[PDB]
Amino acid sequence: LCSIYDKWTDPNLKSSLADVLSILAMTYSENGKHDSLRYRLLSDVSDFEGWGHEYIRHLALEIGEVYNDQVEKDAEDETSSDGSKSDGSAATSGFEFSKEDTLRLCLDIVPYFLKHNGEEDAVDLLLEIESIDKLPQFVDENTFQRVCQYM
Amino acid sequence: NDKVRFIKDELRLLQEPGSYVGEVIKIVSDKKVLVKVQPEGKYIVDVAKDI
Amino acid sequence: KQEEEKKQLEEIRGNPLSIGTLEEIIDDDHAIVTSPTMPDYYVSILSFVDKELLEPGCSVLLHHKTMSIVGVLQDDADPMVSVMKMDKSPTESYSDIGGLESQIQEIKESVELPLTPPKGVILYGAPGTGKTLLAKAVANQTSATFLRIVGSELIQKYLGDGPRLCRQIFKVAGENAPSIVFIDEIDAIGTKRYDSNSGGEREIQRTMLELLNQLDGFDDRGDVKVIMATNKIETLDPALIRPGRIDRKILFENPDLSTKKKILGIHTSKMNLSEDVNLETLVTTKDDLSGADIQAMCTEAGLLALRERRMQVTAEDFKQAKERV
Amino acid sequence: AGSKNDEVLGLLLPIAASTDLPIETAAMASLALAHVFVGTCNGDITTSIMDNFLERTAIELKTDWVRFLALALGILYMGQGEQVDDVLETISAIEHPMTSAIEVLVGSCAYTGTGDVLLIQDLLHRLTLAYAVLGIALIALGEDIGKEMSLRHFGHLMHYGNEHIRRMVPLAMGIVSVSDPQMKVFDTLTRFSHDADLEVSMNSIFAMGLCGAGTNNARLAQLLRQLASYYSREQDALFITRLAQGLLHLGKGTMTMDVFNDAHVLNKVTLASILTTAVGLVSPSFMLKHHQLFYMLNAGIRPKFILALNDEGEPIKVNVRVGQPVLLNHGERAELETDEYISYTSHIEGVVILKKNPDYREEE
């Protein structure tokens with residue numbers, strides 16, 4: 001069941017297996033960087049609808065910060081105009097500036113706050129996160145009008 | 001001589017006008033530090049070249 | 001370059017030279033000065049800068065020679081005025097203060113209303129809810145230059161500053177017009193005592209009286225107004241009151257349950273809570289608190305819910321927090 | 001401005017190649033061509049004036065045809081990002097107080113607000129000049145750090161001995177005066193009217209009407225009632241007081257100049273006609289040219305404006321909350337209104353089409 005987990009760039013699909021074997025790796029007694037974290041990099045949903053175990057709290061925020069500056073500050077410097085409308089931009093666009101690991105780990109965290117609906121406050125955070133994983137998948141759904149207006 | 005000069009040395013220093021401890025009130029760009037002398041009032045006054 | 005152009009102007013002076021106070025500027029382009037060491041000499045500027053830039057009785061550029069005035073010396077020791085909170089269309093408006101409207105109309109009708117009559121008001125009652133918040137309210141509602149001064153700030157034991165300090169205030173009041181005249185906490189320059197002699201401070205009255213001389217020296221159609229904020233009613237001249245000029249004594253009292261509720265509804269909601277916390281829940285258990293223990297109930301509630309280790313405060317914490325603070 | 005066209009460019013560019021201000025008029029033609037393409041990168045004018053300024057066409061020796069072309073591109077590019085770059089080539093090349101500052105000022109409108117604190121950083125140095133004084137008026141637009149202290153510094157800038165700023169400020173005042181005026185110097189313009197200069201008076205007569213144009217008393221109080229006590233001490237005063245008292249009552253004394261409007265957006269229509277009026281409107285004062293430069297402000301001059309509209313959405317009976325003037329029917333007078341009744345999206349100050357709660361529903 002390790003090989004179906006090999007190809008890890010998915011925005012969704014690889015999620016739960018990286019939740020399942022990881023909680024299975026968490027019930028395996030590994031709460032730190034382990035098989036569990038390798039799943040957490042590759043969980044783009046670990047517990048989104050479900051409640052996260054000690055799995056999310058430790059293993060996300062370990063690379064959830066390793067994700068942070070991975071995507072964030074790539075865009076302070078550039079030769080072209082500011083802003084992009086592409087959902088396929090993880091800030092791995094163009095040359096790779098970002099680990100999809102970090103990305104999809106955050107692209108769990110991106111769903112993790114996709115359910116949260118922290119839109120208005122998270123802006124400047126998500127600006128100081130500057131995660132172009134986040135805000136596209138941070139709201140893919142729910143209400144676009146007022147949620148994203150005070151964005 | 002260690003002493004001798006050194007001993008002698010102090011005599012120099014043993015001759016002082018004084019060194020006013022003073023209360024710097026502030027400076028300006030003038031490089032005259034604006035200073036209240038402790039008993040006296042303020043005097044905006046140049047500094048030591050090293051300070 | 002200009003360095004030396006300026007520096008020569010310095011090279012004039014010689015140095016270090018003497019910070020020293022003026023006594024009397026005299027048109028001879030001499031003037032008599034004042035030394036903390038008390039040589040006091042009738043002596044001349046070195047003129048590029050201006051006598052006008054300074055006042056008789058001010059610390060000025062002086063040589064060590066005769067203490068010849070070298071030129072303009074600050075004497076930055078104070079601000080442009082005595083001790084002031086200088087505000088214009090100030091932060092506090094009648095909305096921000098909770099319902100004070102009882103005496104808001106007092107400050108409204110006196111100051112706000114005529115601006116299209118008496119020259120101002122007397123604040124009394126409690127600070128931090130009534131007086132300070134009212135102070136800026138119509139000052140903001142007239143949107144003029146609000147000058148906040150405490151009698152303790154002004155509590156000048158030097159003879160003539162207290163007036164000059166007030167004059168420095170009146171200096172702003174005239175030029176910075178429209179200027180809201182606010183006067184805080186006069187227990188000291190305002191107690192006329194029993195006498196002009198024998199240990200009673202004239203600079204008390206002399207501050208006030210000239211402050212009053214300048215107070216009684218203006219009345220308006222509603223443009224410039226005055227405010228008197230303090231707890232001592234009778235230590236003050238009736239001419240300081242001068243019924244017909246300040247007929248408004250604004251004496252704050254603990255905000256009544258609804259006016260409380262406004263300060264509550266303001267300051268309850270502005271400290272996080274659980275909807276268990278409610279206004280009439282907090283209204284009722286009160287003794288008629290000041291607008292502060294409104295806040296203070298709400299403030300500590302965070303800390304007591306922080307003592308519960310929660311940012312969303314329970315209804316008990318407020319009830320605790322009030323019955324604490 | 002609003003009609004922008006290459007033709008008068010194509011008219012005035014060879015005229016600009018002909019480069020004569022007193023004849024071809026090409027100098028301020030560039031300044032007009034600055035008021036043409038505003039806020040857009042025009043590749044033609046970018047090269048056109050590059051084919052004027054750098055080429056130093058025809059008469060240019062004077063700093064005149066130097067600068068008339070400088071700010072000519074300096075208005076147009078605005079907001080294009082990468083495409084604004086050749087505008088400095090006409091501006092920041094030649095050394096003036098307009099020079100090292102505009103190096104990043106061509107970004108100011110192209111940045112569409114800035115992220116760097118560099119604005120107050122370098123500009124302060126040249127400040128610590130008339131249009132260096134102006135440099136910060138752009139800083140207040142996009143950056144929060146350079147918005148504030150200007151208020152009581154304006155007339156204090158006016159208070160500086162040199163007319164360079166003392167002409168600058170009363171001209172720089174009017175736009176600010178109807179936005180954030182200097183209330184005391186209004187009386188000090190009076191005191192300094194004749195003080196070291198009677199042209200200060202001429203301006204202290206004239207520029208009081210400027211600041212007093214469409215705004216009257218209130219924030220402007222100490223300025224204008226002197227124009228009532230200004231009548232004639234001189235026929236030129238009587239002329240400029242007639243300038244003033246006309247400008248005092250300009251727009252029946254009810255108008256406002258606010259480049260920004262309540263929609264959370266800037267306007268470079270006005271901003272195009274600002275610095276053109278700075279090199280122009282020079283009749284009472286320095287940089288003098290000719291009378292007719294007065295009215296270039298007419299691109300940006302606004303009356304104080306609230307258009308209340310009902311579910312018709314175009315002028316119809318409907319009313320905001322209380323005005324001065326009344327409950328505002330369409331095109332009745334007021335400004336900056338957060339009123340009771342609801343708009344269609346994002347209720348704000350300003351022009352609002354009013355919609356009403358169905359229970360109490362009303363045209364108002």
# chains A, B, ... in the order shown; residues from 1 in each chain; ligands from 1

call {"tool": "residues_around", "arguments": {"residues": "residue B:24", "least_positions_apart": "2", "cutoff": "12 Å", "atoms": "only C-alpha atoms", "output": "ChimeraX atom specification"}}
result
/B:20-22,26-28,32-38,40-47

call {"tool": "write_last_selection", "arguments": {"atoms": "N, CA, C and O atoms", "output": "PDB file, in the first residue's frame"}}
result
ATOM      1  N   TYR B  20      34.400  69.011  35.440  1.00  0.00           N
ATOM      2  CA  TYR B  20      33.045  69.182  35.910  1.00  0.00           C
ATOM      3  C   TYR B  20      32.258  67.956  35.523  1.00  0.00           C
ATOM      4  O   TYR B  20      32.102  67.654  34.337  1.00  0.00           O
ATOM      5  N   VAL B  21      31.773  67.239  36.528  1.00  0.00           N
ATOM      6  CA  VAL B  21      30.623  66.406  36.271  1.00  0.00           C
ATOM      7  C   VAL B  21      29.477  67.338  35.941  1.00  0.00           C
ATOM      8  O   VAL B  21      29.336  68.418  36.529  1.00  0.00           O
ATOM      9  N   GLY B  22      28.684  66.955  34.962  1.00  0.00           N
ATOM     10  CA  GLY B  22      27.625  67.834  34.536  1.00  0.00           C
ATOM     11  C   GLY B  22      26.447  66.991  34.133  1.00  0.00           C
ATOM     12  O   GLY B  22      26.557  65.784  33.905  1.00  0.00           O
ATOM     13  N   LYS B  26      20.745  67.808  26.875  1.00  0.00           N
ATOM     14  CA  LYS B  26      20.517  67.324  25.522  1.00  0.00           C
ATOM     15  C   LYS B  26      21.635  67.810  24.620  1.00  0.00           C
ATOM     16  O   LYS B  26      22.593  68.431  25.083  1.00  0.00           O
ATOM     17  N   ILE B  27      21.555  67.483  23.340  1.00  0.00           N
ATOM     18  CA  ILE B  27      22.425  68.119  22.366  1.00  0.00           C
ATOM     19  C   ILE B  27      21.558  68.868  21.372  1.00  0.00           C
ATOM     20  O   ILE B  27      20.326  68.823  21.444  1.00  0.00           O
ATOM     21  N   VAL B  28      22.202  69.548  20.434  1.00  0.00           N
ATOM     22  CA  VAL B  28      21.552  69.982  19.207  1.00  0.00           C
ATOM     23  C   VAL B  28      22.488  69.482  18.115  1.00  0.00           C
ATOM     24  O   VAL B  28      23.536  68.897  18.415  1.00  0.00           O
ATOM     25  N   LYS B  32      27.256  71.235  20.182  1.00  0.00           N
ATOM     26  CA  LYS B  32      27.392  71.776  21.516  1.00  0.00           C
ATOM     27  C   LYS B  32      26.354  71.069  22.358  1.00  0.00           C
ATOM     28  O   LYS B  32      25.152  71.264  22.169  1.00  0.00           O
ATOM     29  N   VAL B  33      26.814  70.201  23.231  1.00  0.00           N
ATOM     30  CA  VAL B  33      25.888  69.461  24.058  1.00  0.00           C
ATOM     31  C   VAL B  33      25.229  70.441  25.011  1.00  0.00           C
ATOM     32  O   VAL B  33      25.896  71.276  25.631  1.00  0.00           O
ATOM     33  N   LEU B  34      23.914  70.381  25.082  1.00  0.00           N
ATOM     34  CA  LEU B  34      23.153  71.286  25.923  1.00  0.00           C
ATOM     35  C   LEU B  34      23.111  70.652  27.305  1.00  0.00           C
ATOM     36  O   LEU B  34      22.539  69.574  27.487  1.00  0.00           O
ATOM     37  N   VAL B  35      23.730  71.312  28.277  1.00  0.00           N
ATOM     38  CA  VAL B  35      24.081  70.665  29.531  1.00  0.00           C
ATOM     39  C   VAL B  35      23.780  71.590  30.686  1.00  0.00           C
ATOM     40  O   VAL B  35      24.265  72.726  30.720  1.00  0.00           O
ATOM     41  N   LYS B  36      23.036  71.085  31.655  1.00  0.00           N
ATOM     42  CA  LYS B  36      22.993  71.732  32.946  1.00  0.00           C
ATOM     43  C   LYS B  36      24.145  71.260  33.799  1.00  0.00           C
ATOM     44  O   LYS B  36      24.270  70.074  34.108  1.00  0.00           O
ATOM     45  N   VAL B  37      24.995  72.201  34.177  1.00  0.00           N
ATOM     46  CA  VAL B  37      25.963  71.890  35.193  1.00  0.00           C
ATOM     47  C   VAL B  37      25.236  71.565  36.489  1.00  0.00           C
ATOM     48  O   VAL B  37      24.166  72.107  36.791  1.00  0.00           O
ATOM     49  N   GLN B  38      25.807  70.643  37.241  1.00  0.00           N
ATOM     50  CA  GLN B  38      25.078  70.076  38.355  1.00  0.00           C
ATOM     51  C   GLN B  38      24.583  71.152  39.317  1.00  0.00           C
ATOM     52  O   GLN B  38      23.365  71.305  39.469  1.00  0.00           O
ATOM     53  N   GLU B  40      25.034  74.419  38.719  1.00  0.00           N
ATOM     54  CA  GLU B  40      24.740  75.576  37.892  1.00  0.00           C
ATOM     55  C   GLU B  40      23.488  75.325  37.066  1.00  0.00           C
ATOM     56  O   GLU B  40      22.795  74.323  37.224  1.00  0.00           O
ATOM     57  N   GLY B  41      23.203  76.253  36.164  1.00  0.00           N
ATOM     58  CA  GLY B  41      22.153  76.032  35.201  1.00  0.00           C
ATOM     59  C   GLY B  41      22.697  75.378  33.955  1.00  0.00           C
ATOM     60  O   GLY B  41      23.799  74.823  33.955  1.00  0.00           O
ATOM     61  N   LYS B  42      21.934  75.446  32.880  1.00  0.00           N
ATOM     62  CA  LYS B  42      22.317  74.784  31.651  1.00  0.00           C
ATOM     63  C   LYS B  42      23.353  75.595  30.908  1.00  0.00           C
ATOM     64  O   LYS B  42      23.413  76.818  31.026  1.00  0.00           O
ATOM     65  N   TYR B  43      24.208  74.880  30.195  1.00  0.00           N
ATOM     66  CA  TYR B  43      25.124  75.462  29.236  1.00  0.00           C
ATOM     67  C   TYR B  43      25.195  74.539  28.043  1.00  0.00           C
ATOM     68  O   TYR B  43      25.560  73.369  28.183  1.00  0.00           O
ATOM     69  N   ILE B  44      24.851  75.056  26.877  1.00  0.00           N
ATOM     70  CA  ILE B  44      24.973  74.287  25.655  1.00  0.00           C
ATOM     71  C   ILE B  44      26.389  74.509  25.174  1.00  0.00           C
ATOM     72  O   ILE B  44      26.838  75.645  24.991  1.00  0.00           O
ATOM     73  N   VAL B  45      27.127  73.415  25.076  1.00  0.00           N
ATOM     74  CA  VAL B  45      28.574  73.469  25.144  1.00  0.00           C
ATOM     75  C   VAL B  45      29.127  72.333  24.312  1.00  0.00           C
ATOM     76  O   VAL B  45      28.551  71.249  24.253  1.00  0.00           O
ATOM     77  N   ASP B  46      30.261  72.574  23.673  1.00  0.00           N
ATOM     78  CA  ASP B  46      30.831  71.523  22.857  1.00  0.00           C
ATOM     79  C   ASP B  46      31.259  70.359  23.744  1.00  0.00           C
ATOM     80  O   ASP B  46      31.310  70.447  24.969  1.00  0.00           O
ATOM     81  N   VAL B  47      31.484  69.228  23.101  1.00  0.00           N
ATOM     82  CA  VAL B  47      31.730  67.985  23.804  1.00  0.00           C
ATOM     83  C   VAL B  47      33.224  67.727  23.857  1.00  0.00           C
ATOM     84  O   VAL B  47      34.023  68.550  23.401  1.00  0.00           O
TER      85      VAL B  47
END

call {"tool": "residues_around", "arguments": {"residues": "residue A:69", "least_positions_apart": "5", "cutoff": "9 Å", "atoms": "only C-alpha atoms", "output": "PyMOL selection string"}}
result
chain A and resi 74+98+129-131

call {"tool": "write_last_selection", "arguments": {"atoms": "C-alpha atoms", "output": "mmCIF file, in the first residue's frame"}}
result
data_model
loop_
_atom_site.group_PDB
_atom_site.id
_atom_site.type_symbol
_atom_site.label_atom_id
_atom_site.label_comp_id
_atom_site.auth_asym_id
_atom_site.auth_seq_id
_atom_site.Cartn_x
_atom_site.Cartn_y
_atom_site.Cartn_z
ATOM 1 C CA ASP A 74 9.038 34.164 -4.108
ATOM 2 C CA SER A 98 8.109 25.263 -3.828
ATOM 3 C CA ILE A 129 1.843 33.477 4.496
ATOM 4 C CA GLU A 130 1.537 34.562 0.837
ATOM 5 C CA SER A 131 0.486 31.005 -0.029
#

call {"tool": "closest_residue", "arguments": {"among": "D:278, D:169, D:151, D:41", "to": "chain C", "atoms": "only C-alpha atoms"}}
result
D:151

call {"tool": "residues_around", "arguments": {"residues": "stretch 272-274 of chain D", "least_positions_apart": "3", "cutoff": "10 Å", "atoms": "only C-alpha atoms", "output": "JSON, numbers by chain"}}
result
{"D": [1, 31, 32, 34, 35, 36, 37, 38, 39, 71, 72, 74, 75, 76, 78, 171, 172, 175, 259, 267, 268, 269, 277, 278, 279, 280, 295, 296, 297, 298, 299, 300, 301]}

call {"tool": "interface_residues", "arguments": {"of": "chain D", "to": "chain A", "cutoff": "12 Å", "atoms": "only C-alpha atoms", "output": "PyMOL selection string"}}
result
chain D and resi 79-83+110-112+115-116+345-346

call {"tool": "interface_residues", "arguments": {"of": "chain D", "to": "chain C", "cutoff": "9 Å", "atoms": "only C-alpha atoms", "output": "list in words"}}
result
residues 183, 184, 187, 221 and 222 of chain D

call {"tool": "write_last_selection", "arguments": {"atoms": "N, CA, C and O atoms", "output": "PDB file, in the first residue's frame"}}
result
ATOM      1  N   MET D 183      -5.539  76.153   8.432  1.00  0.00           N
ATOM      2  CA  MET D 183      -6.542  77.116   8.876  1.00  0.00           C
ATOM      3  C   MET D 183      -5.922  78.415   9.374  1.00  0.00           C
ATOM      4  O   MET D 183      -6.486  79.493   9.161  1.00  0.00           O
ATOM      5  N   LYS D 184      -4.777  78.338  10.055  1.00  0.00           N
ATOM      6  CA  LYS D 184      -4.189  79.539  10.639  1.00  0.00           C
ATOM      7  C   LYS D 184      -3.583  80.442   9.573  1.00  0.00           C
ATOM      8  O   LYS D 184      -3.899  81.637   9.504  1.00  0.00           O
ATOM      9  N   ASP D 187      -5.069  83.254   8.046  1.00  0.00           N
ATOM     10  CA  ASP D 187      -4.857  84.576   8.631  1.00  0.00           C
ATOM     11  C   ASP D 187      -3.435  85.066   8.387  1.00  0.00           C
ATOM     12  O   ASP D 187      -3.185  86.275   8.336  1.00  0.00           O
ATOM     13  N   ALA D 221     -12.110  78.845   7.238  1.00  0.00           N
ATOM     14  CA  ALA D 221     -12.706  80.032   7.849  1.00  0.00           C
ATOM     15  C   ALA D 221     -11.789  81.246   7.805  1.00  0.00           C
ATOM     16  O   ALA D 221     -12.160  82.303   7.283  1.00  0.00           O
ATOM     17  N   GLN D 222     -10.588  81.117   8.364  1.00  0.00           N
ATOM     18  CA  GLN D 222      -9.746  82.287   8.542  1.00  0.00           C
ATOM     19  C   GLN D 222      -9.239  82.848   7.220  1.00  0.00           C
ATOM     20  O   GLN D 222      -8.630  83.922   7.217  1.00  0.00           O
TER      21      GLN D 222
END

call {"tool": "residues_around", "arguments": {"residues": "residue A:140", "least_positions_apart": "2", "cutoff": "12 Å", "atoms": "only C-alpha atoms", "output": "mmCIF file with N, CA, C and O atoms, in the first residue's frame"}}
result
data_model
loop_
_atom_site.group_PDB
_atom_site.id
_atom_site.type_symbol
_atom_site.label_atom_id
_atom_site.label_comp_id
_atom_site.auth_asym_id
_atom_site.auth_seq_id
_atom_site.Cartn_x
_atom_site.Cartn_y
_atom_site.Cartn_z
ATOM 1 N N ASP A 87 -5.349 29.025 -10.872
ATOM 2 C CA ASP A 87 -5.470 28.105 -9.749
ATOM 3 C C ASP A 87 -4.326 27.105 -9.713
ATOM 4 O O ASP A 87 -4.018 26.564 -8.645
ATOM 5 N N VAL A 110 -4.457 24.210 3.678
ATOM 6 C CA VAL A 110 -5.310 25.068 2.862
ATOM 7 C C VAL A 110 -6.750 24.578 3.000
ATOM 8 O O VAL A 110 -7.637 25.378 3.322
ATOM 9 N N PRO A 111 -7.051 23.290 2.753
ATOM 10 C CA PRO A 111 -8.346 22.764 3.213
ATOM 11 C C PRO A 111 -8.590 22.911 4.708
ATOM 12 O O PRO A 111 -9.702 23.273 5.118
ATOM 13 N N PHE A 113 -8.042 25.198 6.651
ATOM 14 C CA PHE A 113 -8.751 26.462 6.794
ATOM 15 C C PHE A 113 -9.770 26.727 5.688
ATOM 16 O O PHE A 113 -10.454 27.752 5.735
ATOM 17 N N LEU A 114 -9.904 25.830 4.706
ATOM 18 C CA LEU A 114 -11.034 25.911 3.781
ATOM 19 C C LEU A 114 -12.353 25.646 4.494
ATOM 20 O O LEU A 114 -13.383 26.243 4.163
ATOM 21 N N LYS A 115 -12.337 24.727 5.458
ATOM 22 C CA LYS A 115 -13.497 24.472 6.303
ATOM 23 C C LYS A 115 -13.668 25.558 7.357
ATOM 24 O O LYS A 115 -14.796 25.865 7.764
ATOM 25 N N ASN A 117 -13.210 28.884 7.400
ATOM 26 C CA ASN A 117 -13.853 30.130 6.980
ATOM 27 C C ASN A 117 -13.388 31.302 7.849
ATOM 28 O O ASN A 117 -14.177 32.004 8.482
ATOM 29 N N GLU A 119 -11.814 33.853 6.578
ATOM 30 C CA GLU A 119 -11.403 34.610 5.398
ATOM 31 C C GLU A 119 -10.867 36.004 5.723
ATOM 32 O O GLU A 119 -9.769 36.370 5.293
ATOM 33 N N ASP A 133 -1.027 28.382 -2.801
ATOM 34 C CA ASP A 133 -1.874 27.248 -2.450
ATOM 35 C C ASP A 133 -3.133 27.718 -1.737
ATOM 36 O O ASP A 133 -4.251 27.328 -2.093
ATOM 37 N N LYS A 134 -2.954 28.517 -0.680
ATOM 38 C CA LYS A 134 -4.052 28.779 0.238
ATOM 39 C C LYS A 134 -5.264 29.405 -0.428
ATOM 40 O O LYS A 134 -6.214 28.683 -0.742
ATOM 41 N N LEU A 135 -5.207 30.693 -0.748
ATOM 42 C CA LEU A 135 -6.453 31.406 -1.032
ATOM 43 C C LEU A 135 -7.253 30.799 -2.183
ATOM 44 O O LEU A 135 -8.492 30.825 -2.102
ATOM 45 N N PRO A 136 -6.657 30.227 -3.242
ATOM 46 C CA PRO A 136 -7.496 29.503 -4.220
ATOM 47 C C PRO A 136 -8.216 28.296 -3.636
ATOM 48 O O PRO A 136 -9.423 28.134 -3.851
ATOM 49 N N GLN A 137 -7.507 27.438 -2.903
ATOM 50 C CA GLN A 137 -8.139 26.302 -2.245
ATOM 51 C C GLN A 137 -8.641 26.659 -0.848
ATOM 52 O O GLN A 137 -9.382 25.875 -0.245
ATOM 53 N N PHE A 138 -8.264 27.837 -0.337
ATOM 54 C CA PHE A 138 -8.799 28.329 0.931
ATOM 55 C C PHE A 138 -10.287 28.620 0.815
ATOM 56 O O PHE A 138 -11.055 28.365 1.748
ATOM 57 N N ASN A 142 -18.384 27.464 -0.752
ATOM 58 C CA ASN A 142 -19.156 28.239 0.233
ATOM 59 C C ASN A 142 -19.643 29.523 -0.454
ATOM 60 O O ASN A 142 -20.094 29.469 -1.607
ATOM 61 N N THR A 143 -19.558 30.681 0.199
ATOM 62 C CA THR A 143 -20.055 31.936 -0.362
ATOM 63 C C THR A 143 -18.867 32.718 -0.898
ATOM 64 O O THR A 143 -17.890 32.940 -0.180
ATOM 65 N N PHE A 144 -18.925 33.100 -2.164
ATOM 66 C CA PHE A 144 -17.848 33.925 -2.687
ATOM 67 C C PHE A 144 -18.074 35.412 -2.414
ATOM 68 O O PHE A 144 -17.105 36.174 -2.338
ATOM 69 N N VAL A 147 -17.825 36.695 2.001
ATOM 70 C CA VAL A 147 -16.609 36.048 2.486
ATOM 71 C C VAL A 147 -15.384 36.687 1.846
ATOM 72 O O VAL A 147 -14.494 37.205 2.529
ATOM 73 N N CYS A 148 -15.369 36.743 0.522
ATOM 74 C CA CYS A 148 -14.197 37.173 -0.216
ATOM 75 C C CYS A 148 -14.225 38.655 -0.571
ATOM 76 O O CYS A 148 -13.273 39.151 -1.176
#

call {"tool": "select_by_dssp", "arguments": {"residues": "chain B", "states": "alpha helix (DSSP H)", "output": "ChimeraX atom specification"}}
result
/B:2-13

call {"tool": "select_by_dssp", "arguments": {"residues": "stretch 8-51 of chain B", "states": "strand (DSSP E or B)", "output": "compact mmCIF listing (two decimals) with N, CA, C and O atoms, in the first residue's frame"}}
result
# COMPACT_ATOMS: atom_id res chain seq x y z
N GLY B 22 28.68 66.96 34.96
CA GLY B 22 27.62 67.83 34.54
C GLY B 22 26.45 66.99 34.13
O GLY B 22 26.56 65.78 33.91
N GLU B 23 25.31 67.64 34.07
CA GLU B 23 24.08 66.99 33.69
C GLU B 23 23.78 67.40 32.26
O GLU B 23 23.32 68.53 32.02
N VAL B 24 24.01 66.49 31.32
CA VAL B 24 23.65 66.79 29.95
C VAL B 24 22.15 66.95 29.89
O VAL B 24 21.41 66.04 30.27
N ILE B 25 21.69 68.10 29.43
CA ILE B 25 20.26 68.15 29.23
C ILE B 25 19.90 67.58 27.88
O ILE B 25 18.88 66.91 27.74
N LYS B 26 20.75 67.81 26.87
CA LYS B 26 20.52 67.32 25.52
C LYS B 26 21.64 67.81 24.62
O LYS B 26 22.59 68.43 25.08
N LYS B 32 27.26 71.24 20.18
CA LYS B 32 27.39 71.78 21.52
C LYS B 32 26.35 71.07 22.36
O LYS B 32 25.15 71.26 22.17
N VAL B 33 26.81 70.20 23.23
CA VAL B 33 25.89 69.46 24.06
C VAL B 33 25.23 70.44 25.01
O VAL B 33 25.90 71.28 25.63
N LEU B 34 23.91 70.38 25.08
CA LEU B 34 23.15 71.29 25.92
C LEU B 34 23.11 70.65 27.31
O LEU B 34 22.54 69.57 27.49
N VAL B 35 23.73 71.31 28.28
CA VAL B 35 24.08 70.67 29.53
C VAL B 35 23.78 71.59 30.69
O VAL B 35 24.27 72.73 30.72
N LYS B 36 23.04 71.08 31.65
CA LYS B 36 22.99 71.73 32.95
C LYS B 36 24.15 71.26 33.80
O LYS B 36 24.27 70.07 34.11
N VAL B 37 24.99 72.20 34.18
CA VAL B 37 25.96 71.89 35.19
C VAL B 37 25.24 71.57 36.49
O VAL B 37 24.17 72.11 36.79
N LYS B 42 21.93 75.45 32.88
CA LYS B 42 22.32 74.78 31.65
C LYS B 42 23.35 75.59 30.91
O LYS B 42 23.41 76.82 31.03
N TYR B 43 24.21 74.88 30.20
CA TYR B 43 25.12 75.46 29.24
C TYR B 43 25.19 74.54 28.04
O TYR B 43 25.56 73.37 28.18
N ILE B 44 24.85 75.06 26.88
CA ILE B 44 24.97 74.29 25.65
C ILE B 44 26.39 74.51 25.17
O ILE B 44 26.84 75.65 24.99
N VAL B 45 27.13 73.41 25.08
CA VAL B 45 28.57 73.47 25.14
C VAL B 45 29.13 72.33 24.31
O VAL B 45 28.55 71.25 24.25
N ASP B 46 30.26 72.57 23.67
CA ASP B 46 30.83 71.52 22.86
C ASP B 46 31.26 70.36 23.74
O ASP B 46 31.31 70.45 24.97

call {"tool": "interface_residues", "arguments": {"of": "chain C", "to": "chain B", "cutoff": "8 Å", "atoms": "only C-alpha atoms", "output": "tab-separated table (two decimals) with C-alpha atoms, in the first residue's frame"}}
result
chain	number	residue	atom	x	y	z
C	15	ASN	CA	32.10	78.87	22.60
C	16	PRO	CA	31.15	77.10	24.71
C	17	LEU	CA	28.72	79.83	25.48
C	18	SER	CA	26.18	80.21	28.18
C	19	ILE	CA	22.64	79.02	28.18
C	20	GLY	CA	20.92	81.79	30.05
C	35	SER	CA	21.10	83.57	34.93
C	36	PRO	CA	20.46	80.56	37.13
C	37	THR	CA	23.80	81.71	38.53

call {"tool": "closest_residue", "arguments": {"among": "D:33, D:252, D:206, D:303", "to": "residue D:231", "atoms": "only C-alpha atoms"}}
result
D:206

call {"tool": "atom_distance", "arguments": {"atom1": "atom CA of residue D:104", "atom2": "atom CA of residue D:119"}}
result
8.3 Å

call {"tool": "decode", "arguments": {"residues": "stretch 165-177 of chain D", "atoms": "C-alpha atoms", "output": "PDB file, in the first residue's frame"}}
result
ATOM      1  CA  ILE D 165       7.659  77.499  -1.657  1.00  0.00           C
ATOM      2  CA  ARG D 166       5.589  80.564  -0.705  1.00  0.00           C
ATOM      3  CA  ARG D 167       4.314  80.535  -4.262  1.00  0.00           C
ATOM      4  CA  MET D 168       4.250  76.745  -4.237  1.00  0.00           C
ATOM      5  CA  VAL D 169       2.142  76.314  -1.113  1.00  0.00           C
ATOM      6  CA  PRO D 170      -0.759  78.740  -1.845  1.00  0.00           C
ATOM      7  CA  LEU D 171      -0.916  76.982  -5.202  1.00  0.00           C
ATOM      8  CA  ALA D 172      -0.366  73.605  -3.538  1.00  0.00           C
ATOM      9  CA  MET D 173      -2.859  74.776  -0.889  1.00  0.00           C
ATOM     10  CA  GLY D 174      -5.993  75.065  -2.995  1.00  0.00           C
ATOM     11  CA  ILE D 175      -6.213  71.365  -3.826  1.00  0.00           C
ATOM     12  CA  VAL D 176      -5.329  70.552  -0.245  1.00  0.00           C
ATOM     13  CA  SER D 177      -7.370  73.471   1.121  1.00  0.00           C
TER      14      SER D 177
END
